[PDB]
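Right, one structure below, let's go through it.
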Amino acid sequence: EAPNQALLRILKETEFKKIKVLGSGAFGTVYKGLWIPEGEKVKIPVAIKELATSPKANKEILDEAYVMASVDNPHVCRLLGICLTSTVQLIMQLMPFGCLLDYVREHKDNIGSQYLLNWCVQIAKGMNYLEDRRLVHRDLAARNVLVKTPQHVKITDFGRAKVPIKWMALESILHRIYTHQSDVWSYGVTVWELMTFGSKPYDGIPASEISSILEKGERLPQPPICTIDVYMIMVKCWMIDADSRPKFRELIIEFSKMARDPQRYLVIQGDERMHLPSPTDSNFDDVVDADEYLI
């Protein structure tokens, strides 16, 4: 097929500075930082990820860099570049509000119907892009949806393009079959995650029983704030026959219809006087966002 003409940008360690650690997980450490290119008079808010030097880990970090550099979409996280220090560093756009799963858990008292429905559109948009690119996520979940601004989200961790059964489609669990329609099931569970303001799917139930639960015909419950209109969509995403499930171009349209009259589709107590942080009095010297900086 088509040659991948993506540019892999190599950056100097001296061109960027680490401000504070954001997360020190099992894989490595993620820092909040600024990238100050050459004599460009710009400061770009970045997230810098680094890793000991085991040849296996360096291989996985560079396969992740390969995919991340091969994508360009407003609702997909892009890699800015890589720095080849003693330990490889991935430089990417800063997503100040963290992942969507934490955001919905931490801001439930202020998340209105518009935001929830807009996020659903934004996620389907990113996913439909990944589909056009013939790229299957394999790990779509609310934890893998990063937040640029409360009104702009982007898909991440498609460095899978240890198994999360409770987000997996039936063909994925039994036959290890991963398609764009299997990602539609994961999208369904993600929508359920948002609609329940960060609830854990099939909580208490072990991972083994999931396969039988699904095969019997049992699905995730209807979130109280969901009308049968939104729930029917989630239910359609969880069908045995993958061809019967919605396509992401259909999900964009469906949620877009709903986003035009959000209170007809989501019933949130006190949604009208909610409002989340937006460009008003703050939200934000020569600092420019990565989405506005192109060489």
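Residue numbering restarts at 1 for every chain of the structure tokens, chains are lettered A, B, ... in their displayed order, and ligands are numbered from 1 as they appear.
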Subject >> DSSP strand (DSSP E) selection over segment 2-165 of chain A, as a ChimeraX atom specification >> reply: /A:16-24,29-35,44-50,79-83,89-93,145-149,152-155
Go ahead and dump the residues you just picked, N, CA and C atoms, as a tab-separated table (two decimals), in the first residue's frame.
chain	number	residue	atom	x	y	z
A	16	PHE	N	14.14	22.08	25.22
A	16	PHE	CA	12.97	21.92	26.07
A	16	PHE	C	13.32	21.78	27.53
A	17	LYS	N	12.42	22.22	28.41
A	17	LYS	CA	12.66	22.15	29.85
A	17	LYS	C	11.51	21.49	30.60
A	18	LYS	N	11.86	20.64	31.58
A	18	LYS	CA	10.92	19.92	32.44
A	18	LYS	C	10.54	20.84	33.58
A	19	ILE	N	9.24	21.08	33.77
A	19	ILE	CA	8.75	21.98	34.83
A	19	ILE	C	8.35	21.17	36.08
A	20	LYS	N	7.46	20.16	35.93
A	20	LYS	CA	7.01	19.30	37.03
A	20	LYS	C	6.59	17.91	36.56
A	21	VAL	N	6.74	16.89	37.43
A	21	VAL	CA	6.34	15.51	37.11
A	21	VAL	C	4.81	15.43	37.21
A	22	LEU	N	4.16	14.84	36.18
A	22	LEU	CA	2.70	14.67	36.12
A	22	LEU	C	2.25	13.26	36.51
A	23	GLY	N	3.11	12.27	36.29
A	23	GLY	CA	2.83	10.87	36.59
A	23	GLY	C	4.04	9.98	36.40
A	24	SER	N	4.41	9.24	37.46
A	24	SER	CA	5.55	8.32	37.47
A	24	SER	C	5.06	6.86	37.60
A	29	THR	N	8.21	7.91	33.56
A	29	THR	CA	7.77	9.21	34.08
A	29	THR	C	7.32	10.19	32.98
A	30	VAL	N	6.21	10.91	33.23
A	30	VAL	CA	5.64	11.91	32.32
A	30	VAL	C	5.73	13.28	33.02
A	31	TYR	N	6.35	14.27	32.35
A	31	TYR	CA	6.55	15.62	32.88
A	31	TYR	C	5.81	16.68	32.08
A	32	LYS	N	5.38	17.74	32.78
A	32	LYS	CA	4.82	18.94	32.18
A	32	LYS	C	6.08	19.74	31.78
A	33	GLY	N	6.07	20.32	30.59
A	33	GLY	CA	7.21	21.10	30.13
A	33	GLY	C	6.92	22.11	29.05
A	34	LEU	N	7.99	22.79	28.62
A	34	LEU	CA	7.94	23.78	27.56
A	34	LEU	C	8.99	23.46	26.53
A	35	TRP	N	8.62	23.56	25.25
A	35	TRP	CA	9.56	23.38	24.15
A	35	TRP	C	9.76	24.74	23.51
A	44	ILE	N	6.17	26.20	23.62
A	44	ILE	CA	5.06	25.27	23.40
A	44	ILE	C	4.83	24.39	24.62
A	45	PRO	N	3.65	24.44	25.28
A	45	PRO	CA	3.40	23.53	26.41
A	45	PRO	C	3.39	22.08	25.93
A	46	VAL	N	4.32	21.29	26.46
A	46	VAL	CA	4.49	19.89	26.07
A	46	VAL	C	4.38	18.96	27.27
A	47	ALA	N	4.14	17.68	26.98
A	47	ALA	CA	4.16	16.55	27.90
A	47	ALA	C	5.38	15.71	27.45
A	48	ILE	N	6.40	15.59	28.31
A	48	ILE	CA	7.60	14.83	27.97
A	48	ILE	C	7.59	13.50	28.71
A	49	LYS	N	7.63	12.39	27.96
A	49	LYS	CA	7.65	11.03	28.51
A	49	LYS	C	9.03	10.42	28.32
A	50	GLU	N	9.60	9.84	29.39
A	50	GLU	CA	10.91	9.18	29.36
A	50	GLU	C	10.88	7.85	30.14
A	79	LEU	N	2.43	13.20	18.11
A	79	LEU	CA	3.79	13.26	18.64
A	79	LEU	C	4.44	14.47	17.98
A	80	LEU	N	5.05	15.34	18.79
A	80	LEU	CA	5.74	16.53	18.30
A	80	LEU	C	7.11	16.16	17.77
A	81	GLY	N	7.77	15.27	18.50
A	81	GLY	CA	9.08	14.76	18.16
A	81	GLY	C	9.63	13.84	19.22
A	82	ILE	N	10.85	13.33	18.99
A	82	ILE	CA	11.59	12.46	19.91
A	82	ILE	C	12.98	13.05	20.17
A	83	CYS	N	13.51	12.84	21.38
A	83	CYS	CA	14.85	13.27	21.76
A	83	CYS	C	15.66	12.02	22.08
A	89	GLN	N	13.20	9.99	24.85
A	89	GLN	CA	12.15	10.89	25.33
A	89	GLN	C	11.15	11.22	24.22
A	90	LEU	N	9.84	10.95	24.45
A	90	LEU	CA	8.77	11.29	23.50
A	90	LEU	C	8.20	12.66	23.89
A	91	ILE	N	8.23	13.61	22.94
A	91	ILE	CA	7.68	14.95	23.15
A	91	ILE	C	6.33	15.06	22.45
A	92	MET	N	5.30	15.38	23.23
A	92	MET	CA	3.94	15.53	22.72
A	92	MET	C	3.22	16.72	23.32
A	93	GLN	N	2.10	17.12	22.71
A	93	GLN	CA	1.27	18.25	23.12
A	93	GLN	C	0.77	18.05	24.55
A	145	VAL	N	-8.60	8.84	26.61
A	145	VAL	CA	-9.13	10.04	25.95
A	145	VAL	C	-8.58	11.23	26.74
A	146	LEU	N	-7.57	11.96	26.20
A	146	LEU	CA	-6.97	13.13	26.87
A	146	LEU	C	-7.76	14.43	26.63
A	147	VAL	N	-7.65	15.38	27.57
A	147	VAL	CA	-8.41	16.63	27.56
A	147	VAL	C	-7.51	17.86	27.39
A	148	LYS	N	-7.55	18.47	26.18
A	148	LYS	CA	-6.81	19.69	25.83
A	148	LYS	C	-7.47	20.85	26.56
A	149	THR	N	-8.78	21.02	26.31
A	149	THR	CA	-9.63	22.03	26.93
A	149	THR	C	-10.93	21.30	27.26
A	152	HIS	N	-12.55	20.36	24.14
A	152	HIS	CA	-11.73	19.72	23.11
A	152	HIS	C	-10.91	18.55	23.65
A	153	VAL	N	-11.30	17.33	23.26
A	153	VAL	CA	-10.70	16.06	23.66
A	153	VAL	C	-10.02	15.37	22.47
A	154	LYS	N	-9.00	14.53	22.75
A	154	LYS	CA	-8.25	13.80	21.73
A	154	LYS	C	-7.93	12.39	22.22
A	155	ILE	N	-8.04	11.41	21.32
A	155	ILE	CA	-7.76	10.00	21.57
A	155	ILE	C	-6.24	9.79	21.67
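Close contacts of segment 69-75 of chain A, defined as residues with an atom at most 9 Å away when counting only C-alpha atoms, with chain neighbours fewer than 5 positions off set aside, comprise residues 4, 5, 6, 7, 8, 9, 64, 80, 81, 122, 123, 124, 125, 126, 127, 129, 130, 133, 152, 153, 154, 155 and 291 of chain A.
Non-sequential neighbours of residue 115 of chain A (distance at most 9 Å, separation of 5 or more positions within a chain, only C-alpha atoms) are residues 120, 150, 151, 259 and 262 of chain A.
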Subject >> Contact residues around segment 177-187 of chain A with only C-alpha atoms at 6 Å, ignoring same-chain residues under 5 positions, as a ChimeraX atom specification >> reply: /A:136,140,167-169,171-172,237-238,242
Please, could you write that set of residues out with N, CA, C and O atoms as a PDB file, in the first residue's frame?
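Saved result, out.pdb, follows:
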ATOM      1  N   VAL A 136      -6.521   0.385  13.751  1.00  0.00           N
ATOM      2  CA  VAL A 136      -7.404  -0.178  14.778  1.00  0.00           C
ATOM      3  C   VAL A 136      -6.769   0.096  16.144  1.00  0.00           C
ATOM      4  O   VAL A 136      -5.666  -0.372  16.401  1.00  0.00           O
ATOM      5  N   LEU A 140      -9.456   1.455  23.239  1.00  0.00           N
ATOM      6  CA  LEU A 140     -10.209   2.698  23.417  1.00  0.00           C
ATOM      7  C   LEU A 140     -11.010   2.587  24.714  1.00  0.00           C
ATOM      8  O   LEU A 140     -11.713   1.598  24.923  1.00  0.00           O
ATOM      9  N   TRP A 167     -13.856  -3.825  28.241  1.00  0.00           N
ATOM     10  CA  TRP A 167     -14.010  -2.857  27.150  1.00  0.00           C
ATOM     11  C   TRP A 167     -13.970  -3.588  25.791  1.00  0.00           C
ATOM     12  O   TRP A 167     -14.278  -2.987  24.767  1.00  0.00           O
ATOM     13  N   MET A 168     -13.592  -4.878  25.788  1.00  0.00           N
ATOM     14  CA  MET A 168     -13.454  -5.689  24.577  1.00  0.00           C
ATOM     15  C   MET A 168     -14.751  -6.247  24.001  1.00  0.00           C
ATOM     16  O   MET A 168     -15.652  -6.683  24.737  1.00  0.00           O
ATOM     17  N   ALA A 169     -14.784  -6.316  22.661  1.00  0.00           N
ATOM     18  CA  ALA A 169     -15.872  -6.897  21.889  1.00  0.00           C
ATOM     19  C   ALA A 169     -15.864  -8.424  22.063  1.00  0.00           C
ATOM     20  O   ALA A 169     -14.891  -8.978  22.581  1.00  0.00           O
ATOM     21  N   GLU A 171     -15.793 -10.945  19.705  1.00  0.00           N
ATOM     22  CA  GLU A 171     -14.805 -11.600  18.832  1.00  0.00           C
ATOM     23  C   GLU A 171     -13.381 -11.388  19.348  1.00  0.00           C
ATOM     24  O   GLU A 171     -12.524 -12.259  19.153  1.00  0.00           O
ATOM     25  N   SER A 172     -13.144 -10.243  20.032  1.00  0.00           N
ATOM     26  CA  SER A 172     -11.861  -9.903  20.639  1.00  0.00           C
ATOM     27  C   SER A 172     -11.532 -10.853  21.805  1.00  0.00           C
ATOM     28  O   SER A 172     -10.416 -11.375  21.860  1.00  0.00           O
ATOM     29  N   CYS A 237     -23.960  -0.709  19.866  1.00  0.00           N
ATOM     30  CA  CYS A 237     -22.498  -0.893  19.855  1.00  0.00           C
ATOM     31  C   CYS A 237     -22.130  -2.260  20.431  1.00  0.00           C
ATOM     32  O   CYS A 237     -21.039  -2.754  20.143  1.00  0.00           O
ATOM     33  N   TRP A 238     -23.016  -2.852  21.269  1.00  0.00           N
ATOM     34  CA  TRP A 238     -22.731  -4.111  21.954  1.00  0.00           C
ATOM     35  C   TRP A 238     -23.440  -5.340  21.378  1.00  0.00           C
ATOM     36  O   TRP A 238     -23.789  -6.269  22.116  1.00  0.00           O
ATOM     37  N   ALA A 242     -20.909  -7.964  14.364  1.00  0.00           N
ATOM     38  CA  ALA A 242     -20.164  -6.712  14.239  1.00  0.00           C
ATOM     39  C   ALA A 242     -20.705  -5.806  13.137  1.00  0.00           C
ATOM     40  O   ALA A 242     -20.724  -4.588  13.314  1.00  0.00           O
TER      41      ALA A 242
END
Original post:
So which residues touch residue 240 of chain A within 9 Å, counting only C-alpha atoms, skipping near sequence neighbours fewer than 5 positions away, as an MDAnalysis selection string?
Top reply: chainID A and resid 169:171 214:215 217 245
Original post:
Quick one, how far is atom CA of residue 278 of chain A from atom CA of residue 223 of chain A?
Top reply: 26.8 Å
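Nearest residue to residue 257 of chain A among A:114, A:85, A:53, A:14 is A:114, counting only C-alpha atoms.
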Original post:
If you count only C-alpha atoms, which residues fall within 8 Å of segment 272-277 of chain A, apart from same-chain ones fewer than 5 positions away, as a PyMOL selection string?
Top reply: chain A and resi 109-112+150+283
**OP:** Check the smallest atom-to-atom distance from each of A:239, A:163, A:226, A:234 to residue 263 of chain A using only C-alpha atoms, then report the winner.
**Re:**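 Selected residue with least distance to residue 263 of chain A: A:226.
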Original post:
Which of these residues is nearest to residue 113 of chain A, using only C-alpha atoms: A:271, A:292, A:60, A:250?
Top reply: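 The answer is A:271, which sits nearest to residue 113 of chain A.
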Subject >> helix (DSSP H, G or I) per DSSP on the backbone: members of segment 136-201 of chain A, as a list in words >> reply: residues 142, 143, 144, 165, 166, 167, 170, 171, 172, 173, 174, 175, 180, 181, 182, 183, 184, 185, 186, 187, 188, 189, 190, 191, 192, 193, 194 and 195 of chain A
Subject >> residue 196 of chain A surroundings by only C-alpha atoms, 10 Å radius, close-in-sequence under 4 positions cut, as a list in words >> reply: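 Result of the neighbour search: residues 104, 105, 108, 190, 191, 192, 200, 201, 221, 222, 223, 224, 225 and 226 of chain A.
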Using only N, CA and C atoms, please write the residues we just selected to a file, as an mmCIF file, in the first residue's frame.
data_model
loop_
_atom_site.group_PDB
_atom_site.id
_atom_site.type_symbol
_atom_site.label_atom_id
_atom_site.label_comp_id
_atom_site.auth_asym_id
_atom_site.auth_seq_id
_atom_site.Cartn_x
_atom_site.Cartn_y
_atom_site.Cartn_z
ATOM 1 N N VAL A 104 -14.279 13.514 34.355
ATOM 2 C CA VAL A 104 -15.708 13.292 34.606
ATOM 3 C C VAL A 104 -15.971 12.895 36.071
ATOM 4 N N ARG A 105 -15.013 12.194 36.694
ATOM 5 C CA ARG A 105 -15.110 11.798 38.094
ATOM 6 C C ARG A 105 -14.953 13.030 38.999
ATOM 7 N N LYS A 108 -18.137 16.050 37.811
ATOM 8 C CA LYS A 108 -19.524 15.572 37.631
ATOM 9 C C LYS A 108 -20.615 16.600 37.960
ATOM 10 N N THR A 190 -16.981 3.287 26.522
ATOM 11 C CA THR A 190 -16.421 4.618 26.769
ATOM 12 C C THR A 190 -17.569 5.627 26.997
ATOM 13 N N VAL A 191 -18.617 5.577 26.126
ATOM 14 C CA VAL A 191 -19.796 6.440 26.200
ATOM 15 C C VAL A 191 -20.493 6.163 27.512
ATOM 16 N N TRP A 192 -20.556 4.876 27.914
ATOM 17 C CA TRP A 192 -21.135 4.445 29.185
ATOM 18 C C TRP A 192 -20.338 5.029 30.353
ATOM 19 N N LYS A 200 -17.003 2.305 36.985
ATOM 20 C CA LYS A 200 -16.265 1.130 36.517
ATOM 21 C C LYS A 200 -17.247 0.115 35.896
ATOM 22 N N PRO A 201 -17.032 -0.300 34.625
ATOM 23 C CA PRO A 201 -17.972 -1.247 33.998
ATOM 24 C C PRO A 201 -17.881 -2.646 34.594
ATOM 25 N N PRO A 221 -25.769 -1.499 32.392
ATOM 26 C CA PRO A 221 -27.089 -0.901 32.658
ATOM 27 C C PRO A 221 -27.294 0.462 32.012
ATOM 28 N N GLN A 222 -28.556 0.911 31.965
ATOM 29 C CA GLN A 222 -28.923 2.211 31.419
ATOM 30 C C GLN A 222 -28.565 3.307 32.438
ATOM 31 N N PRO A 223 -27.622 4.228 32.113
ATOM 32 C CA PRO A 223 -27.291 5.308 33.066
ATOM 33 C C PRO A 223 -28.513 6.194 33.338
ATOM 34 N N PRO A 224 -28.832 6.515 34.619
ATOM 35 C CA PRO A 224 -30.036 7.332 34.911
ATOM 36 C C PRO A 224 -30.239 8.609 34.068
ATOM 37 N N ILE A 225 -29.151 9.316 33.706
ATOM 38 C CA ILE A 225 -29.221 10.550 32.912
ATOM 39 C C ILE A 225 -29.477 10.273 31.411
ATOM 40 N N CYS A 226 -29.440 8.994 31.001
ATOM 41 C CA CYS A 226 -29.657 8.604 29.611
ATOM 42 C C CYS A 226 -31.083 8.336 29.271
#
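Take atom CA of residue 12 of chain A and atom CA of residue 84 of chain A: the distance between them is 8.1 Å.
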